[PDB]
Amino acid sequence: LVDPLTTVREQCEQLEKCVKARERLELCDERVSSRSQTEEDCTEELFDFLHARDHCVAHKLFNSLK
Amino acid sequence: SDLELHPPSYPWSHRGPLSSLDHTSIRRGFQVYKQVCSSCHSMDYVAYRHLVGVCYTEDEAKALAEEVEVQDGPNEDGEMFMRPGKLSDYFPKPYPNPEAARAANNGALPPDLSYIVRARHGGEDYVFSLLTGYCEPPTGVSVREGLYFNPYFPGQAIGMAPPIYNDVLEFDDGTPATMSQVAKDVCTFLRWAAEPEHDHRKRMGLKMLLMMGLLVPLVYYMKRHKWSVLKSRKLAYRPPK
Amino acid sequence: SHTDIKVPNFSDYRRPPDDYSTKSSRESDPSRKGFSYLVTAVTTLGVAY
Amino acid sequence: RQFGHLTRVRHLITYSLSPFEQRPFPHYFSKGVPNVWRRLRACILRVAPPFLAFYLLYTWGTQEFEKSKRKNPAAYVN
Amino acid sequence: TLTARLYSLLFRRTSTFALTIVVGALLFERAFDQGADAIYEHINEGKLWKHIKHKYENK
Amino acid sequence: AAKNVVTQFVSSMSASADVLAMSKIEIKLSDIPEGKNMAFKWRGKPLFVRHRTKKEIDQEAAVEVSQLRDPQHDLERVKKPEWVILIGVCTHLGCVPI
Amino acid sequence: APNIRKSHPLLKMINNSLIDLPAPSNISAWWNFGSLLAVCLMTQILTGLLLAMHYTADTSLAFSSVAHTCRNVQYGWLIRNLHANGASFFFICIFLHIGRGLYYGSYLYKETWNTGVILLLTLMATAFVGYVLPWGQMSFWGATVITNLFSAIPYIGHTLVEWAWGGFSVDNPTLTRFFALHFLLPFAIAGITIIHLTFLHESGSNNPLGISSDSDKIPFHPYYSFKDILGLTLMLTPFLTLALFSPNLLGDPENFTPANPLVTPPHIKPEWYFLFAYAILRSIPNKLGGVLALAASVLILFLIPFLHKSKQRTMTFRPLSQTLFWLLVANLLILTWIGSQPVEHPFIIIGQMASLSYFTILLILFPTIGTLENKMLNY
Amino acid sequence: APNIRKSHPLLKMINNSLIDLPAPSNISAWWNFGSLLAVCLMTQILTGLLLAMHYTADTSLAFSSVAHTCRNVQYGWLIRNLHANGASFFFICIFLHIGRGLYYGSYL
Amino acid sequence: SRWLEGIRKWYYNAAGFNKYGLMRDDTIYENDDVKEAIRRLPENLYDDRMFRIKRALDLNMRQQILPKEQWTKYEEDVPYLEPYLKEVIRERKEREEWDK
Ligand code: HEM
Ligand code: HEM
Ligand code: HEM
Ligand code: HEM
Ligand SMILES: CCCCC[C@H]1C(=O)O[C@@H](C)[C@H](NC(=O)c2cccc(NC=O)c2O)C(=O)O[C@H](C)[C@@H]1OC(=O)CC(C)C
Ligand SMILES: CCCCC[C@H]1C(=O)O[C@@H](C)[C@H](NC(=O)c2cccc(NC=O)c2O)C(=O)O[C@H](C)[C@@H]1OC(=O)CC(C)C
């Protein structure tokens, strides 16, 4: 048993936008967890990703669901 | 920071102004509610009664409601007493009262899911997302003891732990009970739940639209037919000189 | 005067192609009315529903 | 105010035809549609402007807002 | 010739006219519904309870 | 005659002859750690009880009282500066401040 | 009289307001708005009267009751849907009706116009209540501000409110006493509407050119009766479409969560047909100012008749004020957006700004562009 | 018209049903019944509208509600009393009004 | 620099009330003064004006206008009522002042 979601998030996590985003994030992440005192949060960056990811997640996910 | 993430749109089987709800899906949607949400989430405005003819069978729902005992009226000696849930009972409340529930859910109040779908902008799209969508808080961001990060929820810290994973149940119809899948079915239910009229309401809308289509022109002709007397008309000023 | 007066040309300007002189306006329209009425008859109908 | 006591009207000959002897449809594509445009183009330059202006003020307003939300990569370069 | 036949027989006498609106409405109803219902249902095959009523009544 | 009938059928609404006085409530101050604010169900409208931080208490004092709409120093509105209590009812038109 | 249609005390009225009524020949759709407004008054009174057949005005039962009225009562759901939306089709038509009247100086028929205002006001008033009724988060918190909104009026205020609504806080009483007002009010609108038309008939209906029409005037019946029946179905289709396809499209969902006297929803967006004045209110930081602004925000319509300077009635020949007009209509559509928008710099200012052009465009611009255009004609 | 009491669409009605209305000189009390009937219609509508301000239409609350409306609401008791009785003064006047009308063939 | 003359011409065609084919004065809202003014109009011009208005209405009621030809030209617009109307006004202003 495999969740069509996770599979479709695999493909989607590869679309140009995701990548150009997933990257933007990865940096910020290790850009904030690299310092001791910083107010920055990588939420924004996180969204941009998600926003993009799930967007196609939707364009296709419901196709494999009954 | 009033910073939030807005839920992506899923082509639900019932989105179309002319598309009903996949009743099969609701059936499962029901089961997922009954078997996993109806232990934290009250749903006071529905009742087995409904299920009959919409996703369940009379005998089906009846025995379905038997499945629960309900506190009922005074004795002769006057005392609440339990007894088999009839057909007309409303879906069981998990907690005697809110503050009771709040003391059961790490200080939070699992909202009743009767009108949930239309109580939160986004409906299913939101709800679905919310469920299928938890994850580690990005950096610099820290959720406190007892809460669980979920980007889609305002505050990103929810008091509800991810209540849905693969297999959590087993749709007796033979449906890959994957998270995404079940989570879908729960939402299609939450919809009907929120507005059983759905179909009846759209079908209606259909006809309503075919009458406008038919009636308005008719009366338009009539309106023009009648005005032509004027539209046509012609003036002229003829003094004697 | 008044003899100098005429009903202008409403021919194509309006008029259904069943009305352009040389032939009884009658026999013709007693068909036309059916239609315009037909509609109404219908609208009434549609309305009832 | 009722009828017969409206105005002192002299010398106005009007000719109109029964609706059944004329056609309600009318003359679209001849006088019909033409005049419609004769008007879209007449007031378009008097109505649309302000609406257009709003639009801008709407977009501008929204974008800017959506911007003032995103972090200045340099609010902390250190 | 329909329209003429119609007028003379049906639309002329205000007495008659009405009478066909009625008998007509009855017909329009019956027909409009069946049509509508069908159009609708068909646009939702296998989603209606009428359509799943069978996994406890076959199909 | 009228004067009264009026007065009468005018108080036939104001108030209701049903008044309470739950003016007394007990709170476990430990339920409210430093930095957060707990809300309580009290006397028909919300009640705010807050544990203020060193900084919180510090800036609330550094407030330009003379430039205030409702001039009042923080210290004349609270007894234990680490503890501030308020009626969670906005003064404008009656909403619950967040 | 062999007539009868004129010899019968009752029967005449009809054959004197629907048949035989002299109406200008040339009249745009903007004249239907009103006959529509009626149909709303009806659709509202009919549906609501029927919805009251199931309502249960009392905190603990109020919310649910409605839900029941929907889920339980056959087509009860349809009734509700229709009702909440009639509310809008109602405000829409009213908002347009006022438009038309404004830009054809129908406001010159003063009385017919002044009464009109009253109607608006009341329609705004009655719609305020009723929405409280379902007792949702909105219902409640709207009750609490709008009411409390009379806090501003000094001396008689704090008191007038702790009376406006039940006791000392929006609670059950306020609810029951609102239902009553709501159930009652519409019937007032109906009455005044009669008074409205009366004043009208005294002075024939206007007409788009703004010049005598006695020269033409057609029998209301044959013509306009149909024209209304048509417009009926036209701006009936949308309203229905909504009610059958996307009912809550205009209805805030936040109100689907039963009232909580303890937590006003972060994001309290008032009903759309109210936003404009809403904006005006918050963009004038001062309880009183806030309210005052608002007060006049609507209570200004009363002055339009005095802020008329054009030597001509309507303004179809006043291209100048004409665009100033749309500058207004849009300046309104703006305030609205700015109303459905939280308070931050991107907005706020925009707000108080439009919420300034509004007034000026009315109080000053118009009358100025007014006399001006007359002089561009040697008048 | 310098009158006004006759030149105003609304205002006329009044100065045409309360002032200036021609009424027979000779008229017994049996003619008041009606003007009274009105006052009832009012007293009823006024009081009841006001009593509805406290009613709670629902089995479990219906009875009590009224009681509350009396015991709890200032003069609420007076309102009720007045209402239930207006009912009667109402039927009385109506019953008399019909009388009068019957025996003067006003039914003509 | 910019002729009021040049301007009026603008506004005139801009108002475009001549597209319906009626003189300026054929438009001025009918207030107490104008009524008295128009009621002083020689029967010639009256019936003229009438028709022009009825024609105007008839057009307007048809949503259609007058052929580019029949529009009335600015310079040819006949202020047929301005003169009467003026006397009126001053007649009044004379009276209004005397009653003080
Ligand atoms: C069952 C499939 C299920 C669904 C569906 C679900 C949904 C859900 C929603 C939509 C909300 C939150 C909406 C909001 O913005 O507040 C909500 C909230 C809570 N839930 Fe839930 N939930 C499902 C199941 C369960 C189960 C089994 C539990 C109890 C273990 C649970 C609990 C809660 C709680 C607590 C919240 C509180 C949110 C908060 O205030 O932070 N849910 N749920
Ligand atoms: C003048 C037109 C009317 C307006 C402006 C109006 C508007 C409203 C509004 C907006 C609500 C809230 C609906 C919602 O929750 O979305 C409402 C509710 C209600 N109205 Fe009206 N109403 C009007 C007339 C009536 C009438 C005449 C009655 C009966 C006397 C009535 C009875 C009710 C009832 C039963 C409710 C409660 C249930 C509900 O919330 O839908 N309404 N009305
Ligand atoms: C209560 C609801 C109302 C109804 C049902 C109503 C009805 C009418 C109707 C039908 C007319 C006839 C001409 C027309 O349709 O325009 C009319 C005219 C008018 N109404 Fe209303 N009206 C209402 C509210 C208002 C409001 C709120 C205003 C206030 C600005 C208003 C202002 C006018 C004006 C100025 C006219 C006269 C001029 C004209 O008809 O051209 N009305 N109204
Ligand atoms: C036409 C005149 C009216 C008649 C004939 C009338 C008569 C009555 C009667 C006899 C009762 C029962 C009173 C009792 O228990 O003794 C009653 C109750 C009531 N009426 Fe009316 N009523 C009238 C008008 C109104 C009006 C206009 C309202 C408000 C719309 C109203 C609201 C109520 C209320 C609140 C009750 C319930 C409380 C009570 O029982 O006293 N009534 N009315
Ligand atoms: C027994 C029935 C008696 C008929 C009452 C009914 C009567 O005035 O019906 C029409 C004339 C009225 N509008 C118009 O006359 C009207 C006037 C100028 C132009 C147009 N058309 C635009 O092109 C109109 O449509 C329309 O606005 O309804 C009112 C207002 C009233 O009804 C209302 O009180 C009912 C409320 C009080 C419930
Ligand atoms: C704004 C106020 C307008 C006044 C309305 C009011 C008006 O008709 O007031 C009087 C003339 C009316 N009775 C009489 O005229 C009358 C006639 C012959 C003899 C006597 N006297 C006997 O010796 C009368 O008293 C009386 O029966 O009230 C009615 C009926 C109406 O009022 C009712 O609709 C009100 C109901 C609808 C709430």
# chains A, B, ... in the order shown; residues from 1 in each chain; ligands from 1
$ residues_around --residues "stretch 156-160 of chain B" --least-positions-apart "3" --cutoff "10 Å" --atoms "only C-alpha atoms" --output "PyMOL selection string"
(chain A and resi 43) or (chain B and resi 3-5+40+102+105-110+130-131+134+137+141-153+163)
$ closest_atom_pairs --of "chain G" --to "ligand 4" --cutoff "12 Å" --atoms "only C-alpha atoms and all ligand atoms" --output "JSON lines"
{"residue": "G:176", "atom": "CA", "partner": "ligand 4", "partner_atom_place_in_ligand_line": "35 (C)", "distance": 10.7}
{"residue": "G:177", "atom": "CA", "partner": "ligand 4", "partner_atom_place_in_ligand_line": "35 (C)", "distance": 10.9}
{"residue": "G:179", "atom": "CA", "partner": "ligand 4", "partner_atom_place_in_ligand_line": "30 (C)", "distance": 10.9}
{"residue": "G:180", "atom": "CA", "partner": "ligand 4", "partner_atom_place_in_ligand_line": "30 (C)", "distance": 7.6}
{"residue": "G:181", "atom": "CA", "partner": "ligand 4", "partner_atom_place_in_ligand_line": "30 (C)", "distance": 9.8}
{"residue": "G:182", "atom": "CA", "partner": "ligand 4", "partner_atom_place_in_ligand_line": "30 (C)", "distance": 11.2}
{"residue": "G:183", "atom": "CA", "partner": "ligand 4", "partner_atom_place_in_ligand_line": "30 (C)", "distance": 8.4}
{"residue": "G:184", "atom": "CA", "partner": "ligand 4", "partner_atom_place_in_ligand_line": "30 (C)", "distance": 7.5}
{"residue": "G:185", "atom": "CA", "partner": "ligand 4", "partner_atom_place_in_ligand_line": "30 (C)", "distance": 11.2}
{"residue": "G:187", "atom": "CA", "partner": "ligand 4", "partner_atom_place_in_ligand_line": "30 (C)", "distance": 11.4}
$ write_last_selection --atoms "C-alpha atoms" --output "mmCIF file, in the first residue's frame"
data_model
loop_
_atom_site.group_PDB
_atom_site.id
_atom_site.type_symbol
_atom_site.label_atom_id
_atom_site.label_comp_id
_atom_site.auth_asym_id
_atom_site.auth_seq_id
_atom_site.Cartn_x
_atom_site.Cartn_y
_atom_site.Cartn_z
ATOM 1 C CA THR G 176 -35.686 38.293 21.584
ATOM 2 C CA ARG G 177 -36.218 42.020 21.375
ATOM 3 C CA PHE G 179 -36.364 39.281 16.497
ATOM 4 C CA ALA G 180 -39.415 41.413 17.380
ATOM 5 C CA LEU G 181 -37.985 44.496 15.700
ATOM 6 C CA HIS G 182 -36.995 42.455 12.677
ATOM 7 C CA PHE G 183 -40.361 40.712 12.468
ATOM 8 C CA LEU G 184 -41.962 44.163 12.804
ATOM 9 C CA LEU G 185 -39.761 46.556 10.778
ATOM 10 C CA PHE G 187 -43.848 45.954 7.634
#
$ interface_residues --of "chain D" --to "chain C" --cutoff "8 Å" --atoms "only C-alpha atoms" --output "PyMOL selection string"
chain D and resi 15+20-24+26-27
$ residues_near_ligand --ligand "ligand 6" --cutoff "12 Å" --atoms "only C-alpha atoms and all ligand atoms" --output "PDB file with C-alpha atoms, in the first residue's frame"
ATOM      1  CA  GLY G 191     -45.835  51.179   4.801  1.00  0.00           C
ATOM      2  CA  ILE G 195     -45.903  56.764   1.453  1.00  0.00           C
TER       3      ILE G 195
ATOM      4  CA  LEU H  10     -50.219  63.052   3.381  1.00  0.00           C
ATOM      5  CA  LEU H  11     -51.454  65.900   5.500  1.00  0.00           C
ATOM      6  CA  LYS H  12     -54.676  65.983   3.521  1.00  0.00           C
ATOM      7  CA  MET H  13     -55.692  62.468   4.491  1.00  0.00           C
ATOM      8  CA  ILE H  14     -55.685  63.550   8.117  1.00  0.00           C
ATOM      9  CA  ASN H  15     -57.524  66.877   7.542  1.00  0.00           C
ATOM     10  CA  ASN H  16     -59.938  64.681   5.626  1.00  0.00           C
ATOM     11  CA  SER H  17     -60.614  61.846   8.091  1.00  0.00           C
ATOM     12  CA  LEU H  18     -60.245  63.648  11.414  1.00  0.00           C
ATOM     13  CA  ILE H  19     -60.828  67.266  10.455  1.00  0.00           C
ATOM     14  CA  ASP H  20     -63.273  68.419   7.771  1.00  0.00           C
ATOM     15  CA  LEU H  21     -64.878  65.008   7.590  1.00  0.00           C
ATOM     16  CA  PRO H  22     -68.637  65.449   7.322  1.00  0.00           C
ATOM     17  CA  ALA H  23     -70.333  63.399  10.017  1.00  0.00           C
ATOM     18  CA  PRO H  24     -74.033  63.328  10.967  1.00  0.00           C
ATOM     19  CA  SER H  25     -74.856  65.773  13.782  1.00  0.00           C
ATOM     20  CA  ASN H  26     -76.964  63.314  15.642  1.00  0.00           C
ATOM     21  CA  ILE H  27     -74.838  60.393  16.715  1.00  0.00           C
ATOM     22  CA  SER H  28     -75.038  58.245  19.793  1.00  0.00           C
ATOM     23  CA  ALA H  29     -72.208  56.629  21.707  1.00  0.00           C
ATOM     24  CA  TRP H  30     -72.880  53.570  19.627  1.00  0.00           C
ATOM     25  CA  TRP H  31     -70.887  55.425  17.087  1.00  0.00           C
ATOM     26  CA  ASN H  32     -67.794  55.680  19.204  1.00  0.00           C
ATOM     27  CA  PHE H  33     -67.453  51.916  19.101  1.00  0.00           C
ATOM     28  CA  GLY H  34     -65.020  51.740  16.235  1.00  0.00           C
ATOM     29  CA  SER H  35     -62.860  54.653  17.175  1.00  0.00           C
ATOM     30  CA  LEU H  36     -62.533  52.559  20.328  1.00  0.00           C
ATOM     31  CA  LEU H  37     -62.012  49.404  18.346  1.00  0.00           C
ATOM     32  CA  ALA H  38     -59.063  51.271  16.933  1.00  0.00           C
ATOM     33  CA  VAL H  39     -57.611  52.127  20.329  1.00  0.00           C
ATOM     34  CA  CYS H  40     -57.859  48.452  21.020  1.00  0.00           C
ATOM     35  CA  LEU H  41     -56.134  47.530  17.826  1.00  0.00           C
ATOM     36  CA  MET H  42     -53.475  49.903  19.118  1.00  0.00           C
ATOM     37  CA  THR H  43     -53.376  48.970  22.750  1.00  0.00           C
ATOM     38  CA  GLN H  44     -53.147  45.395  21.487  1.00  0.00           C
ATOM     39  CA  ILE H  45     -50.458  46.024  18.922  1.00  0.00           C
ATOM     40  CA  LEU H  46     -48.542  48.294  21.184  1.00  0.00           C
ATOM     41  CA  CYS H  93     -66.438  47.044  21.619  1.00  0.00           C
ATOM     42  CA  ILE H  94     -66.542  44.803  18.560  1.00  0.00           C
ATOM     43  CA  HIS H  97     -70.074  47.932  17.359  1.00  0.00           C
ATOM     44  CA  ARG H 100     -75.152  49.258  16.715  1.00  0.00           C
ATOM     45  CA  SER H 106     -75.477  50.241   9.050  1.00  0.00           C
TER      46      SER H 106
END
$ residues_near_ligand --ligand "ligand 2" --cutoff "6 Å" --atoms "only C-alpha atoms and all ligand atoms" --output "list in words"
residues 41, 44, 45, 48, 49, 51, 52, 55, 66, 80, 84, 87, 123, 126, 127, 130, 131, 133, 134, 183 and 186 of chain G
$ closest_atom_pairs --of "chain E" --to "chain C" --cutoff "10 Å" --atoms "only C-alpha atoms" --output "JSON lines"
{"residue": "E:1", "atom": "CA", "partner": "C:31", "partner_atom": "CA", "distance": 8.6}
{"residue": "E:2", "atom": "CA", "partner": "C:31", "partner_atom": "CA", "distance": 8.8}
{"residue": "E:3", "atom": "CA", "partner": "C:34", "partner_atom": "CA", "distance": 5.2}
{"residue": "E:4", "atom": "CA", "partner": "C:31", "partner_atom": "CA", "distance": 4.3}
{"residue": "E:5", "atom": "CA", "partner": "C:31", "partner_atom": "CA", "distance": 8.0}
{"residue": "E:6", "atom": "CA", "partner": "C:34", "partner_atom": "CA", "distance": 6.3}
{"residue": "E:7", "atom": "CA", "partner": "C:34", "partner_atom": "CA", "distance": 4.3}
{"residue": "E:8", "atom": "CA", "partner": "C:34", "partner_atom": "CA", "distance": 7.8}
{"residue": "E:9", "atom": "CA", "partner": "C:34", "partner_atom": "CA", "distance": 9.8}
{"residue": "E:10", "atom": "CA", "partner": "C:34", "partner_atom": "CA", "distance": 8.8}
{"residue": "E:11", "atom": "CA", "partner": "C:34", "partner_atom": "CA", "distance": 6.7}
{"residue": "E:12", "atom": "CA", "partner": "C:34", "partner_atom": "CA", "distance": 8.3}
{"residue": "E:17", "atom": "CA", "partner": "C:41", "partner_atom": "CA", "distance": 7.2}
{"residue": "E:18", "atom": "CA", "partner": "C:41", "partner_atom": "CA", "distance": 8.0}
{"residue": "E:20", "atom": "CA", "partner": "C:41", "partner_atom": "CA", "distance": 8.0}
{"residue": "E:21", "atom": "CA", "partner": "C:45", "partner_atom": "CA", "distance": 5.2}
{"residue": "E:22", "atom": "CA", "partner": "C:45", "partner_atom": "CA", "distance": 7.3}
{"residue": "E:23", "atom": "CA", "partner": "C:45", "partner_atom": "CA", "distance": 9.3}
{"residue": "E:24", "atom": "CA", "partner": "C:45", "partner_atom": "CA", "distance": 6.7}
{"residue": "E:25", "atom": "CA", "partner": "C:45", "partner_atom": "CA", "distance": 5.2}
{"residue": "E:26", "atom": "CA", "partner": "C:49", "partner_atom": "CA", "distance": 8.3}
{"residue": "E:27", "atom": "CA", "partner": "C:45", "partner_atom": "CA", "distance": 9.7}
{"residue": "E:28", "atom": "CA", "partner": "C:49", "partner_atom": "CA", "distance": 7.7}
{"residue": "E:29", "atom": "CA", "partner": "C:49", "partner_atom": "CA", "distance": 6.3}
{"residue": "E:30", "atom": "CA", "partner": "C:49", "partner_atom": "CA", "distance": 10.0}
{"residue": "E:32", "atom": "CA", "partner": "C:49", "partner_atom": "CA", "distance": 9.3}
$ residues_around --residues "residue B:86" --least-positions-apart "2" --cutoff "12 Å" --atoms "only C-alpha atoms" --output "list in words"
residues 47, 48, 49, 58, 59, 61, 62, 63, 64, 65, 66, 67, 68, 69, 70, 71, 72, 82, 83, 84, 88, 89, 90, 91 and 92 of chain B
$ write_last_selection --atoms "N, CA, C and O atoms" --output "mmCIF file, in the first residue's frame"
data_model
loop_
_atom_site.group_PDB
_atom_site.id
_atom_site.type_symbol
_atom_site.label_atom_id
_atom_site.label_comp_id
_atom_site.auth_asym_id
_atom_site.auth_seq_id
_atom_site.Cartn_x
_atom_site.Cartn_y
_atom_site.Cartn_z
ATOM 1 N N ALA B 47 -27.849 13.164 11.877
ATOM 2 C CA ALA B 47 -28.367 12.022 12.575
ATOM 3 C C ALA B 47 -28.575 10.903 11.585
ATOM 4 O O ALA B 47 -28.966 11.115 10.427
ATOM 5 N N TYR B 48 -28.274 9.704 12.059
ATOM 6 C CA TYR B 48 -28.398 8.507 11.269
ATOM 7 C C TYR B 48 -29.574 8.647 10.333
ATOM 8 O O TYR B 48 -29.505 8.253 9.181
ATOM 9 N N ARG B 49 -30.648 9.230 10.839
ATOM 10 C CA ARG B 49 -31.837 9.428 10.035
ATOM 11 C C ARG B 49 -31.444 9.822 8.615
ATOM 12 O O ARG B 49 -31.901 9.211 7.645
ATOM 13 N N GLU B 58 -31.890 1.947 5.307
ATOM 14 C CA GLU B 58 -32.702 2.015 6.511
ATOM 15 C C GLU B 58 -32.166 1.035 7.551
ATOM 16 O O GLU B 58 -31.663 1.436 8.601
ATOM 17 N N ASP B 59 -32.260 -0.252 7.236
ATOM 18 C CA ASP B 59 -31.798 -1.301 8.132
ATOM 19 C C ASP B 59 -30.334 -1.085 8.458
ATOM 20 O O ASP B 59 -29.877 -1.358 9.556
ATOM 21 N N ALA B 61 -28.596 1.847 8.575
ATOM 22 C CA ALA B 61 -28.427 2.938 9.524
ATOM 23 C C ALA B 61 -28.998 2.582 10.870
ATOM 24 O O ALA B 61 -28.425 2.919 11.896
ATOM 25 N N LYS B 62 -30.136 1.903 10.877
ATOM 26 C CA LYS B 62 -30.744 1.530 12.144
ATOM 27 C C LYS B 62 -29.738 0.749 12.984
ATOM 28 O O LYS B 62 -29.403 1.149 14.097
ATOM 29 N N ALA B 63 -29.249 -0.359 12.443
ATOM 30 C CA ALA B 63 -28.274 -1.171 13.159
ATOM 31 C C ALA B 63 -27.027 -0.326 13.353
ATOM 32 O O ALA B 63 -26.225 -0.541 14.266
ATOM 33 N N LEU B 64 -26.872 0.654 12.484
ATOM 34 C CA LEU B 64 -25.732 1.523 12.577
ATOM 35 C C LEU B 64 -25.851 2.388 13.819
ATOM 36 O O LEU B 64 -24.861 2.645 14.488
ATOM 37 N N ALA B 65 -27.066 2.817 14.141
ATOM 38 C CA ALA B 65 -27.280 3.662 15.312
ATOM 39 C C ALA B 65 -27.380 2.855 16.595
ATOM 40 O O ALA B 65 -27.204 3.391 17.695
ATOM 41 N N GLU B 66 -27.685 1.570 16.452
ATOM 42 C CA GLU B 66 -27.782 0.690 17.606
ATOM 43 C C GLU B 66 -26.397 0.751 18.238
ATOM 44 O O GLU B 66 -26.266 0.808 19.458
ATOM 45 N N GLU B 67 -25.372 0.755 17.382
ATOM 46 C CA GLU B 67 -23.976 0.789 17.802
ATOM 47 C C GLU B 67 -23.627 1.727 18.939
ATOM 48 O O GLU B 67 -22.480 1.739 19.379
ATOM 49 N N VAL B 68 -24.585 2.519 19.412
ATOM 50 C CA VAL B 68 -24.309 3.429 20.516
ATOM 51 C C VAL B 68 -25.457 3.521 21.482
ATOM 52 O O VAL B 68 -26.615 3.499 21.073
ATOM 53 N N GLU B 69 -25.132 3.632 22.767
ATOM 54 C CA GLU B 69 -26.159 3.768 23.788
ATOM 55 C C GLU B 69 -26.284 5.247 24.100
ATOM 56 O O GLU B 69 -25.281 5.969 24.110
ATOM 57 N N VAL B 70 -27.511 5.692 24.357
ATOM 58 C CA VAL B 70 -27.747 7.093 24.667
ATOM 59 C C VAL B 70 -28.521 7.283 25.974
ATOM 60 O O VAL B 70 -29.407 6.490 26.309
ATOM 61 N N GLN B 71 -28.167 8.335 26.710
ATOM 62 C CA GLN B 71 -28.820 8.668 27.978
ATOM 63 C C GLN B 71 -30.218 9.111 27.558
ATOM 64 O O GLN B 71 -30.348 9.885 26.606
ATOM 65 N N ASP B 72 -31.259 8.624 28.225
ATOM 66 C CA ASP B 72 -32.596 9.012 27.812
ATOM 67 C C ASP B 72 -33.515 9.268 28.991
ATOM 68 O O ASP B 72 -33.278 8.755 30.079
ATOM 69 N N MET B 82 -29.528 4.615 30.299
ATOM 70 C CA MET B 82 -29.075 4.443 28.934
ATOM 71 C C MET B 82 -29.975 3.458 28.248
ATOM 72 O O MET B 82 -30.704 2.717 28.903
ATOM 73 N N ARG B 83 -29.937 3.477 26.923
ATOM 74 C CA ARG B 83 -30.714 2.559 26.109
ATOM 75 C C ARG B 83 -30.244 2.660 24.676
ATOM 76 O O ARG B 83 -29.743 3.697 24.246
ATOM 77 N N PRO B 84 -30.407 1.578 23.914
ATOM 78 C CA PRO B 84 -29.998 1.496 22.517
ATOM 79 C C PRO B 84 -30.382 2.701 21.694
ATOM 80 O O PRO B 84 -31.539 3.123 21.702
ATOM 81 N N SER B 88 -33.559 7.986 15.164
ATOM 82 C CA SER B 88 -33.699 9.430 15.300
ATOM 83 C C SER B 88 -32.700 10.168 16.183
ATOM 84 O O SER B 88 -32.795 11.380 16.328
ATOM 85 N N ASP B 89 -31.764 9.457 16.799
ATOM 86 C CA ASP B 89 -30.784 10.121 17.646
ATOM 87 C C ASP B 89 -29.802 10.897 16.775
ATOM 88 O O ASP B 89 -29.644 10.614 15.582
ATOM 89 N N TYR B 90 -29.142 11.877 17.383
ATOM 90 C CA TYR B 90 -28.146 12.675 16.692
ATOM 91 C C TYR B 90 -26.777 12.069 16.973
ATOM 92 O O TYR B 90 -26.586 11.435 18.003
ATOM 93 N N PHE B 91 -25.829 12.242 16.057
ATOM 94 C CA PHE B 91 -24.508 11.675 16.270
ATOM 95 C C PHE B 91 -23.985 11.995 17.648
ATOM 96 O O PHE B 91 -23.938 13.144 18.072
ATOM 97 N N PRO B 92 -23.546 10.962 18.357
ATOM 98 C CA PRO B 92 -23.021 11.042 19.715
ATOM 99 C C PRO B 92 -22.010 12.133 19.975
ATOM 100 O O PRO B 92 -21.167 12.412 19.133
#
$ interface_residues --of "chain F" --to "chain H" --cutoff "6 Å" --atoms "only C-alpha atoms" --output "MDAnalysis selection string"
chainID F and resid 12 16:17
$ write_last_selection --atoms "C-alpha atoms" --output "PDB file, in the first residue's frame"
ATOM      1  CA  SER F  12     -40.313  47.685  30.347  1.00  0.00           C
ATOM      2  CA  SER F  16     -34.525  43.318  33.594  1.00  0.00           C
ATOM      3  CA  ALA F  17     -34.657  43.000  37.384  1.00  0.00           C
TER       4      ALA F  17
END
$ select_by_dssp --residues "stretch 33-262 of chain G" --states "helix (DSSP H, G or I)" --output "number ranges by chain"
G: 35-51, 59-71, 76-102, 106-131, 137-151, 157-164, 172-184, 186-202, 221-234, 237-245, 247-249, 253-256
$ residues_around --residues "residue B:29" --least-positions-apart "6" --cutoff "7 Å" --atoms "only C-alpha atoms" --output "MDAnalysis selection string"
chainID B and resid 185:189
